[PDB]
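Just the one chain here, the form deposited in one PDB entry, laid out as structure tokens.
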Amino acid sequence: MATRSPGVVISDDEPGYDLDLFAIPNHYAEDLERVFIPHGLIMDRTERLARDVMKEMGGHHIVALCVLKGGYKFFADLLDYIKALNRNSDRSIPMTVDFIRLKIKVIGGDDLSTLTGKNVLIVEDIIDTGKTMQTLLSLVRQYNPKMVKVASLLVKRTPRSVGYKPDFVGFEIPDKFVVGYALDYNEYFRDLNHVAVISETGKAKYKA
């Protein structure tokens, strides 16, 4: 089946789910408004992305690059599904991993010369304006990878977007601020499996 896709499209008027339908951390009981993307649905979509990734990139050594901090959950789960494929199939390919954090200035990570001649998969939590990815791609290409692709859990529909589109997309979401599944608000809500929308009292509670 097809490997390029705009992702699961979540509409502008998506109501999400009452928190009382799900198991939610107690300490965030009053801080969230709605569950927006259930953890399980993220897992289902990520399973299919892993297959799409192996189809496009499985022909040569893959370097999977995790963009910290918010990419870490998507990265771990995506790679677990890729590993499941590679131990149950006829063919497989080695995969190495690295981690970078952005200040854009690139923090941590291996020497980027280790990307040379490899199939590089950049893994991100969200594309909003896309400026971060564009600057990051422009960097990585200078090391002459055999290919560079971007997997992003979330892509926002926003008038501030520039036209950048990643190669693999989990969900295309409206222009709302979401948290959970490692996406934070002032470092909070990373310890939440679902993607959710913050309540005004949660926004006020954890404001810097």
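The term rigid core refers to the most C-alpha atoms you can superpose between the two forms while keeping them within 1.5 Å. In this text, residue numbers run from 1 along the sequence as written.
The modelled chain breaks between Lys103 and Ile104, where 10 or more residues of the deposited sequence lack coordinates. Checked against the record, the higher mean CA B factor of 23 to 31 and 44 to 52 lies with 23 to 31. Once the C-alpha B-factors are averaged per stretch, 88 to 96 and 124 to 132 rank with 88 to 96 first. The top Cα temperature factor in the record, among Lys176, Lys149, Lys146, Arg157, falls on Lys146. Among all modelled residues in its chain, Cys66 ranks in the lowest third by Cα B-factor. When the modelled residues of the chain are ordered by their C-alpha B factor, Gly163 lands in the highest third. In the deposited entry, the Cα temperature factor of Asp184 places it in the lowest third of its chain's modelled residues.
Per-chain ranking of the deposited C-alpha B factor places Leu153 in the lowest third.
Ranked against the other modelled residues of its chain, the C-alpha B-factor of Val169 as given in the entry falls in the lowest third.
There is another form of this protein, the form deposited in another entry, and it is not shown here; the text below is about that form.
The residue among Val97, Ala84, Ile93, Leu137 whose Cα moves by 2 angstroms or more between this form and the one not shown, once the core is superposed, is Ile93. Once both forms are fitted on their rigid core, the CA atom of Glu30 lies 2 Å or more apart between this form and the one not shown. Relative to the superposed rigid core, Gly58 undergoes a CA displacement smaller than 2 Å between this form and the one not shown. With the core held fixed, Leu19 shows a CA shift of 2 Å or greater between this form and the one not shown. In the other form, the CA atoms of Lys165 and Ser92 move apart by 3 angstroms or more relative to this form. Pairwise change in the other form: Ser152 and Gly70 C-alpha atoms lie farther apart than in the shown form, at least 3 Å.
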